[PDB]
Amino acid sequence: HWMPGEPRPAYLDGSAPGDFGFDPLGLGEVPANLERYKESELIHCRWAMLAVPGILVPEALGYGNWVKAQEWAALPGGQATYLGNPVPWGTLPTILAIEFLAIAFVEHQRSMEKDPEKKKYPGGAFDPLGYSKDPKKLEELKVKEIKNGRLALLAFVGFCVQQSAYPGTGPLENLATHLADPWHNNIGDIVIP
Amino acid sequence: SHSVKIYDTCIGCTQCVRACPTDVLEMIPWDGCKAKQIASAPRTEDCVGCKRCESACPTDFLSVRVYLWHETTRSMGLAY
Amino acid sequence: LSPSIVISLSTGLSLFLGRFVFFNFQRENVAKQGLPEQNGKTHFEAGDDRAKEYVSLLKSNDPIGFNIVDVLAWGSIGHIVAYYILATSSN
Amino acid sequence: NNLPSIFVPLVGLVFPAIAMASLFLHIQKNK
Amino acid sequence: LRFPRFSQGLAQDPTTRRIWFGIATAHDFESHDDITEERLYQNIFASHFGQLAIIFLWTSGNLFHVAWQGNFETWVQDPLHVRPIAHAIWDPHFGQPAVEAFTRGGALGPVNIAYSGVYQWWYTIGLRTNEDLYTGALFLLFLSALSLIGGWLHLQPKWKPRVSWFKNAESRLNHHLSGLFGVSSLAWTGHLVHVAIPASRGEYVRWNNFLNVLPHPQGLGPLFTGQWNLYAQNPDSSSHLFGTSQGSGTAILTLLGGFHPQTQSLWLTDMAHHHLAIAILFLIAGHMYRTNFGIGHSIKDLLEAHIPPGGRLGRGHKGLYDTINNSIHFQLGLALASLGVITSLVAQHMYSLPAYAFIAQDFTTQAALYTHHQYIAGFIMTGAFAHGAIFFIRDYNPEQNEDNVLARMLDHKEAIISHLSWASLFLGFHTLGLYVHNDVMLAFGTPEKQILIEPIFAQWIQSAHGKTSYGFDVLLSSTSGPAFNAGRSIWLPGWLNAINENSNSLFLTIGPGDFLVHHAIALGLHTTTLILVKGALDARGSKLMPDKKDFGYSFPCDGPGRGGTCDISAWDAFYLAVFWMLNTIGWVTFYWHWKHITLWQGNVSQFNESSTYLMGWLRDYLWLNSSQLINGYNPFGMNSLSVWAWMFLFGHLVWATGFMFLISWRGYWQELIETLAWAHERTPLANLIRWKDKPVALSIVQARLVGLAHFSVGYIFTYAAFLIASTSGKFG
Amino acid sequence: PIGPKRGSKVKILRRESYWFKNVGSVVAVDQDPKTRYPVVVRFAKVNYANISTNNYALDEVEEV
Amino acid sequence: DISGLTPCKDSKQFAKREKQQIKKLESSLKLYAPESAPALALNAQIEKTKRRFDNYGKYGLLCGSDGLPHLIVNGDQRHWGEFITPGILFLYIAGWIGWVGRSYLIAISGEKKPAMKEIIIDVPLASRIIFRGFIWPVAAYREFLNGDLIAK
Ligand code: CLA
Ligand code: CLA
Ligand code: CLA
Ligand SMILES: CC1=C(/C=C/C(C)=C/C=C/C(C)=C/C=C/C=C(C)/C=C/C=C(C)/C=C/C2=C(C)CCCC2(C)C)C(C)(C)CCC1
Ligand SMILES: CC1=C(/C=C/C(C)=C/C=C/C(C)=C/C=C/C=C(C)/C=C/C=C(C)/C=C/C2=C(C)CCCC2(C)C)C(C)(C)CCC1
Ligand SMILES: CC1=C(C/C=C(\C)CCC[C@H](C)CCC[C@H](C)CCCC(C)C)C(=O)c2ccccc2C1=O
Ligand code: SF4
Ligand code: SF4
């Protein structure tokens, strides 16, 4: 339970993976709306669980934080770089053309599926290593996946919020700053001036 | 001539026919109420439209209704 | 300085996208949203003689039923995109 | 010019009289 | 049968009521004998054709009179020192001093000075000689004749449209959006580029040579190659003189922003770009709905699928397509609401961003245009609610509209009415209290005790647009913000130059008086909306008259029973709302006129100090500015302002006359009339003449309409005379 | 016996009534099968005609 | 300096207004003997005017170009005394009055002829009810929470 001593909603029986009876606003009363929300939550968790490795590793190697990598496109004629090496196809109009075309096909392909179970865990060709053979392990795996995704979403929220308070600073820079003098570099001096 | 209608919520207390300034309304026998009476409007061509009948109806909403309609020399009260 | 004739290749890309990717979505949306109707009857069958659908134009020998109206619409989208790209540059 | 000396009385005195006479005859008609 | 031909019941009336009611129900095609839907639609179509013909004839007459009796050619050379002439005067009743006084301008006789702004409008669009106006008048006469012929043709059995044609909403929407708005705006840009822009640069382009002059030196080559930036090069210099080639450029589409330095109006190359962009936008949007080509949207399916899954809106928009399509009062109300909003926007925008050359320096024209458009917008806004109530009475079907958005508003009408009443009462109470407190403070000689409140939010909004007169330094007023940096190289320089110059009407400075008058305007709007909404929602019945829908839209009463039912119909609800609309528009126009008069005289401090109390208004606006009006004619002579004083007194007379019909009621007058018939019948040499229709007093509903008409006519004429005379006596 | 008993409280379901969705007390019920509106209800508040009594049918009153 | 305003104590027009009012008051004083009562009244009026102007100067108000104080109601802490605190006081008093009226109306609703207790007030019951409105916010909040506030 998300809070002991609180009654659970009737539609949250606790049988779904990663279900802890959390719905204070009652946004999932409609059976059709609840089924869609699980797919959206899984998509968000999967997308955010890939950004975290890509937001710290480039910074930890001294290539700059995650917001400096987008400044070149505002400049006229700016060219992209990777591992310190400029890419020949790093022009702005070329970058958008491949990005839109490549993902407009996969997302539309995902939309066309009609079986609700496959919209979340399609199986088949996306599971080459055969981790879905055991139904007993599958439930604990789904619980592990759901539990980590919300943590990654919270981590991304922290990443985004810390940037607003300290412009031009990276999350690892934030950790280093806090580690030096913990009792004066923290949330307190921001909440009250 | 104006239109006068009677509805079956009548209780037959004869209050409308007594307040008529002309001879328009009258009472006929009926079954459906304790008084065993109901009003009638056989002479609507003499109606002037002062709506005194509706001022005397005791029923919550009126069991007698007057709808103003095409005007004649009788319904305008002219004695030229 | 980009050439105008080469930039108009966006028409081919838009036609390819319409014919090979978004065909089924558009067809099923059109099937779901039927013909406009008044009082439960379509415009033609209610009495309007000028509201008859043009069957002859709809018949095409394309294997998947690609029409000429679809060609016109996707080509218009491609031309709009190409001219937006051309106009935005050289500023 | 001399046109206003004609059109002004023609519009203000003659046409209103003609229109009023015709309209009175039309609204007073019966069959 | 006799007049009226369309009403059997009225034609048998033996009294004079037959004529009065015969005139007043001619255009209500729904209540005529033996009427069908098809005949109704055909009659509406013919009436629309006739209205178009009348409009074309009116415009043609205006042009012909300006050409024949005006001074357009000499006004062009010196726009700022010539008074435009509307038409000539031929009144046999005039005396010699009247002939001398009204002979103004370069005329050879009495004339009228035009205040409609037609001269500046025609001069801006490229008309330069009297020969152009004659051609325009001839073309408009031809257009009116064509409209009449087209109107007559469609009433014949061969060319009669059917009801199914009138109910094809998708095709009509597509065609209107694509052509009537997009192609129409595309042609205006062509006219501007080909004629009007060359005209302002000293080039003469007409029909006989427009096929040999290139609007741009490079032709259409840049357009097809995508090199659209070549059309914006070399714009007009800041030293440009309008109508001449000194300091002119060659561009045709620009984004300069601001005002022309000499004419104090918008650049001619900005309007062409604006019309081109809006034409493209309208042309694209006209391809949305489904027609017989197999693609598009269905409006019925669009409405039926927009229902929230939570059920908080009931069934949503289901069945609304047939409700709107089968009802014409619904469509008329929607159109009237949109038209009123658009007219108000036009009135608000034309005074602060002038588009015609030398119209900002003509002070008498601006106020007249503003007042005219605002009053028209108010009337249209009243009509929208009136026709909404008519729709609710006549065309609403409860069964087909079960539990949708339309039906759920009749469920909780009490809450809406009560909340509107609360808002109105709150606003009125506090505004009147503050005004009376300020007046009492000024009466006792202690002006420092006033409650003066700065309009902080409006000043913040003004600072957000780049105004630096308050020191807020936000957004466009901050030079380091992203918003300022984004547009600093396109339009920000001109806009900032125009907004920070304190002689024009672009974002005038505001104070506590603006706060008070704005809240008074809000109170008026809320009260008028309350009256109209209460009238519309209670149209089908209430607790006092549950069966109101069986008695129609307009009826006098329900008798003196149940306490009395005076003014119980929705028509009386509309009738009570005209007074409030007039009051609100009067307040708005008073505020505008006083503020602009104080601005033009160069004594803005007077308005700032004297507008916080009502005695200040009464003394420094009405009493002070009416001196030249009431001196039009005196025991010593007369001048050119005599007609405005005469109209002032005439409007006072009509406004006072309306009170007789508004206050006294019918029963007093029938008894008085009954004696005059006896007097006529008993008089010798006069009883030889007898009437054909028995005289009677005016009906209950008729007298209300007559009184309202007198009231409105007096209001309009009196204010128009005062405004026009007071502006023209001072600023010409 | 026909309809509600005397002294019981009923609410009105007649839309054109002054006391619509209001509670009243039953005074008497006429047992004649030919009577159309036999239930007599008395209310605490008066209507616009200063009347506090009415007759209702069996289908326009419900027990509360 | 919000919206280009200036403090009262730094405004010259404020002092000019004070001087003009004082000079106007002193002109009528020359018509009366110093010991006469109207002279005392005029002296008191002059002293009151001076005290009022000094008090306005002390409270940190803002003056416009005309030398008149202006009120800021946007919520700045520097001007919370012009609008915020009197507003809260008014809200408290109005809630007290409304709660007392509602309680009195509810109390007499169960009587045989409640309309008779509205034109002839039951003074002891009202007096016992009057003191209860001093804690109206708590009672109103708890009544809202229990669902008693709104009629069913
Ligand atoms: C100058 C004339 C005048 C004034 C002051 C009002 C004022 C008002 N009208 Mg109104 N009205 C007028 C003319 C006027 N009308 C005309 C000519 C018409 C056309 C017939 C209408 C039609 C009309 C309609 C249709 C409606 C109103 C409504 C209202 C009220 C809502 C506005 C508000 O906020 O209340 C502000 C409150 C006040 C201005 C009242 C001031 C209270 C003071 C303090 C009274 C003091 C009493 C005394 C000093 C103490 C005792 C002393 C002893 C000698 C008596 C308001 C009281 C609406 C309404 O009543 O519902 C909300 C409404 O629906 N009016
Ligand atoms: C229902 C009442 C009402 C209405 C219709 C308006 C309408 C308007 N106000 Mg306004 N105003 C109101 C109440 C109202 N006001 C009150 C109570 C205050 C004092 C706080 C103000 C202070 C104010 C300023 C300072 C300005 C306006 C302005 C304006 C105009 C522009 C729109 C705007 O800024 O909205 C403003 C809308 C609001 C402030 C919302 C108020 C509505 C709530 C529900 C009132 C509740 C009062 C609340 C209980 C007070 C609690 C305070 C307490 C903690 C001490 C517009 C005509 C501007 C303008 O153009 O002036 C020329 C402007 O500069 N208003
Ligand atoms: C300013 C408004 C006004 C005006 C002009 C009038 C005028 C009149 N009222 Mg009156 N009245 C008013 C407001 C007004 N009232 C108000 C507010 C009330 C309170 C409800 C009353 C209550 C009232 C009562 C109770 C009675 C009158 C009566 C009369 C008439 C007196 C006899 C007569 O013929 O006088 C002479 C007429 C005039 C002076 C008006 C004409 C003005 C000049 C001469 C214009 C002439 C133009 C000329 C004919 C050419 C026109 C042609 C055209 C093409 C232009 C007179 C018409 C009495 C009546 O019916 O007659 C005995 C009567 O009993 N009134
Ligand atoms: C036969 C065939 C084929 C081929 C085909 C093709 C190749 C086709 C094409 C087609 C096309 C190729 C089409 C097109 C179209 C186009 C369009 C439809 C256009 C439009 C346009 C527009 C709409 C425009 C607009 C505009 C704007 C917006 C602005 C500026 C101006 C302009 C005017 C430009 C194949 C072998 C494969 C197979 C077998 C069969
Ligand atoms: C009764 C009735 C009716 C009628 C009604 C009416 C008449 C109404 C009206 C209404 C109205 C009359 C409304 C209005 C509205 C408005 C609005 C809604 C507005 C909005 C605005 C906005 C949205 C804005 C925006 C913006 C932007 C975008 C930018 C800048 C800033 C701003 C903010 C300005 C009908 C027939 C239907 C039906 C039956 C019944
Ligand atoms: C004065 C008055 C009369 C008497 C006035 C009458 C009968 C006037 C009748 C018309 C006369 C003959 C003057 C007509 C003036 C017009 C300008 C002429 C016709 C114009 C056409 C366009 C119609 C009433 O009948 C009445 C009825 C109900 C409430 C109030 C009153 C009321 O106040
Ligand atoms: S309206 Fe008058 S005349 Fe007609 S029936 Fe009733 S009381 Fe008699
Ligand atoms: S005064 Fe006239 S309108 Fe009013 S209730 Fe009596 S008869 Fe009807």
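Residue numbers (the entry's author numbering), protein chains in the order written: chain 1, 47 to 239; chain C, 2 to 81; chain G, 62 to 152; chain I, 5 to 35; chain B, 3 to 734; chain E, 78 to 141; chain F, 68 to 219. All residues carry an ideal CB built from backbone N, CA and C; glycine is no exception.
Query raised in the report: residue 730 (chain B) lies in the alpha helix (DSSP H); which residues open and close that run?
Result: Here residue 730 (chain B) corresponds to residue number 728 of the fifth sequence, with the count starting at 1. For residue 730 (chain B), the uninterrupted alpha helix (DSSP H) run begins and ends at 702-733, by DSSP.
Report task. Let me know the secondary structure DSSP gives residue 4 (chain B) once reduced to three states. Result -> Counted from its first residue, the fifth sequence places residue 4 (chain B) at position 2. Here residue 4 (chain B) sits in coil by DSSP.
Query raised in the report: Who are the Cβ neighbours of residue 23 (chain C) in its own chain at under 6 Å, not counting the five residues just before and after it?
Result: By one-based count along the second sequence, residue 23 (chain C) stands at place 22. Hits under 6 Å: 47.
Query raised in the report: Got a sec: does ligand 4 put a non-hydrogen atom nearer than 7 Å to the Cβ of residue 137 (chain G)?
Result: On the third sequence, position 76 is the one that residue 137 (chain G) refers to. Yes; taking the cut-off as 7 Å, the Cβ of residue 137 (chain G) has a heavy atom of ligand 4 nearer than that.
Query raised in the report: For a contact meaning CB atoms closer than 8 Å, what does residue 27 (chain E) contact in chain B?
Result: Residue 27 (chain E) cannot be examined here, being either before or after the span of chain E that is shown, 78 to 141.
Query - residue 291 (chain B) - DSSP class collapsed to helix/strand/coil - result: As a first step, residue 291 (chain B) is located in the fifth sequence; it is residue number 289 there, counting from the start. Secondary structure at residue 291 (chain B): strand, using DSSP grouped into helix, strand and coil.
**Report entry** Contact belief for residue 102 (chain G) with residue 294 (chain B) at Cβ below 8 Å, rounded distance in angstroms
**Finding:** If you number the third sequence from 1, residue 102 (chain G) lands on position 41. If you number the fifth sequence from 1, residue 294 (chain B) lands on position 292. Contact flag wrong, Cβ pair sits at about 15 Å.
Report task. Examine ligand 6 and report whether any of its heavy atoms sits within less than 7 Å of the Cβ of residue 388 (chain B). Result -> Counted from its first residue, the fifth sequence places residue 388 (chain B) at position 386. For residue 388 (chain B), the Cβ stays outside the 7 Å cut-off from all heavy atoms of ligand 6.
**Report entry** Per-residue burial, residue 81 (chain F) [other beta carbons within 10 Å of its own, 16 or more giving buried]
**Finding:** Within the seventh sequence, numbered from 1, the residue matching residue 81 (chain F) stands at position 14. Counting every other CB atom within 10 Å of its CB across the protein chains shown gives residue 81 (chain F) a total of 16 or more, marking it as buried.
Report task. Could you name the residues of the region 29-58 of chain C whose beta carbon sits closer than 7 Å to any beta carbon of chain E, in the order they occur along the chain? Result -> Going along the region 29-58 of chain C in chain order, one finds 32, 33, 34 and 35 with a Cβ nearer than 7 Å to chain E.
Requested in this report: Return yes when at least one heavy atom of ligand 4 lies under 7 Å from the C-beta of residue 141 (chain G), else no.
Outcome: By one-based count along the third sequence, residue 141 (chain G) stands at place 80. Under cutoff, so the answer is yes.
Requested in this report: Would you please verify whether the beta carbon of residue 445 (chain B) is less than 8 Å from any beta carbon of chain C?
Outcome: Residue mapping note: residue 445 (chain B) aligns to position 443 of the fifth sequence, counting from 1. No, residue 445 (chain B) lies away from the interface with chain C (no Cβ there is under 8 Å from its Cβ).
Requested in this report: Could you tell me the distance, in whole angstroms, from the CA atom of residue 264 (chain B) to the CA atom of residue 367 (chain B)?
Outcome: If you number the fifth sequence from 1, residue 264 (chain B) lands on position 262. If you number the fifth sequence from 1, residue 367 (chain B) lands on position 365. Roughly 19 Å separates the two Cα atoms.
Query raised in the report: What are the boundary residues of the alpha helix (DSSP H) that includes residue 20 (chain I)?
Result: As a position in the fourth sequence, residue 20 (chain I) is number 16, starting the count at 1. First-last of the alpha helix (DSSP H) with residue 20 (chain I): 19-31.
Requested in this report: Pair every Cβ in the region 373-393 of chain B with every Cβ in the region 334-347 of chain B, then say whether three or more of these pairs are closer than 8 Å.
Outcome: Judged by Cβ distances under 8 Å, the region 373-393 of chain B makes contact with the region 334-347 of chain B, as three or more pairs qualify.
**Report entry** residue 297 (chain B) in three-state terms, based on DSSP
**Finding:** Numbered from its first residue, the fifth sequence carries residue 297 (chain B) at position 295. Residue state for residue 297 (chain B) is assigned as coil, using DSSP reduced to three classes.
**Report entry** Segment limits, beta strand (DSSP E) that includes residue 130 (chain E)
**Finding:** Your numbering for residue 130 (chain E) matches position 53 in the sixth sequence. Secondary structure note for residue 130 (chain E): its beta strand (DSSP E) is the uninterrupted segment 130-133.
Query - Spatial distance of residue 254 (chain B) from residue 234 (chain B) (CA atoms) - result: As a working mapping, residue 254 (chain B) is identified with position 252 in the fifth sequence. As a working mapping, residue 234 (chain B) is identified with position 232 in the fifth sequence. Spanning the two alpha carbons is a distance of roughly 6 Å.
Query - Interface partners of residue 9 (chain C) on chain E, CB under 7 Å - result: Counting from 1 along the second sequence, the entry for residue 9 (chain C) is found at position 8. Going along chain E in sequence order, the residues near residue 9 (chain C) (Cβ under 7 Å) are 113.
Query raised in the report: Per DSSP, what kind of secondary structure is residue 48 (chain C) in: helix, strand or coil?
Result: Residue numbering aside, residue 48 (chain C) sits at position 47 when the second sequence is read from its first letter. Note: residue 48 (chain C) maps to coil in three-state DSSP.
Query raised in the report: Straight-line CA distance for residue 134 (chain G) to residue 75 (chain G)?
Result: For this step, residue 134 (chain G) is matched to residue 73 along the third sequence. For this step, residue 75 (chain G) is matched to residue 14 along the third sequence. Between residue 134 (chain G) and residue 75 (chain G), the C-alpha separation is close to 10 Å.
Query raised in the report: Nearest-angstrom Cα distance between residue 167 (chain 1) and residue 65 (chain 1)?
Result: Counting from 1 along the first sequence, the entry for residue 167 (chain 1) is found at position 121. Counting from 1 along the first sequence, the entry for residue 65 (chain 1) is found at position 19. Rounded to the nearest angstrom, the two C-alpha atoms are 17 Å apart.
**Report entry** DSSP-derived helix/strand/coil call for residue 152 (chain F)
**Finding:** The sequence position of residue 152 (chain F) within the seventh sequence is 85, counting from 1. Reduced to three states, the DSSP call for residue 152 (chain F) is helix.
Query raised in the report: Given that a residue counts as buried once 16 or more other Cβ atoms are within 10 Å of its Cβ, and exposed if not, what is residue 210 (chain F)?
Result: Here residue 210 (chain F) refers to the residue found at position 143 when the seventh sequence is read from its first residue. With fewer than 16 Cβ atoms within 10 Å of its Cβ, residue 210 (chain F) is classed as exposed.
Query raised in the report: residue 94 (chain G) and residue 250 (chain B): beta carbons closer than 8 Å?
Result: Within the third sequence, residue 94 (chain G) is the residue found at index 33, counting from 1. Within the fifth sequence, residue 250 (chain B) is the residue found at index 248, counting from 1. At a Cβ-Cβ threshold of 8 Å, residue 94 (chain G) and residue 250 (chain B) do not count as neighbours.
Query - residue 228 (chain F) classed as buried or exposed, judged by whether at least 16 other C-beta atoms fall within 10 angstroms - result: Chain F is shown only over 68 to 219; residue 228 (chain F) falls outside these bounds and no answer can be derived.
Query raised in the report: residue 137 (chain F) by DSSP, collapsed to three states: which one?
Result: Along the seventh sequence, read from residue 1 onward, the residue named residue 137 (chain F) stands at position 70. DSSP places residue 137 (chain F) in strand when its eight states are reduced to three.
Report task. Leaving out five residues on either side along the sequence, give the residues of the same chain with a beta carbon under 8 Å from the beta carbon of residue 67 (chain 1). Result -> Along the first sequence, one-based indexing puts residue 67 (chain 1) at 21. So the list reads 47, 48, 52, 54, 55, 58 and 60, once near-sequence residues are dropped.
Requested in this report: Look at the Cβ atom of residue 423 (chain B), then the Cβ atom of residue 510 (chain B), and state whether they are nearer than 8 Å.
Outcome: Translated into positions along the fifth sequence, residue 423 (chain B) becomes position 421. Translated into positions along the fifth sequence, residue 510 (chain B) becomes position 508. Against a cut-off of 8 Å, the Cβ pair of residue 510 (chain B) and residue 423 (chain B) comes out as no contact.
Query raised in the report: Do residue 578 (chain B) and ligand 1 come close, with the Cβ less than 7 Å from some heavy atom?
Result: Position 576 of the fifth sequence, counting from 1, holds the residue named residue 578 (chain B). Remark: the shortest separation between the CB of residue 578 (chain B) and any heavy atom of ligand 1 falls under 7 Å.
Query raised in the report: For residue 229 (chain 1), does the count of other Cβ atoms within 10 angstroms reach 16, so buried, or fall short, so exposed?
Result: Numbered from 1 along the first sequence, position 183 holds the residue referred to as residue 229 (chain 1). Burial is judged here by how many other beta carbons sit within 10 angstroms of a residue's own beta carbon; residue 229 (chain 1) has fewer than 16 and is exposed.
Report task. Starting from the beta carbon of residue 91 (chain G), find every residue of chain B whose beta carbon is closer than 8 Å, and list them in chain order. Result -> Sequence index remark: in the third sequence, residue 91 (chain G) carries index 30 (1-based). Neighbours of residue 91 (chain G) on chain B, chain order: 296 and 297.
**Report entry** residue 81 (chain G), DSSP secondary structure in three states
**Finding:** Within the third sequence, the letter at position 20 stands for residue 81 (chain G). In the structure shown, residue 81 (chain G) sits in a helix (DSSP, three-state: H, G or I).
**Report entry** Reference residue 113 (chain 1), options 143 (chain 1), 216 (chain 1), 80 (chain 1) and 107 (chain 1), closest by Cα
**Finding:** Within the first sequence, residue 113 (chain 1) is the residue found at index 67, counting from 1. Its Cα nearest to that of residue 113 (chain 1), the residue 216 (chain 1) stands out among 143 (chain 1), 216 (chain 1), 80 (chain 1) and 107 (chain 1).
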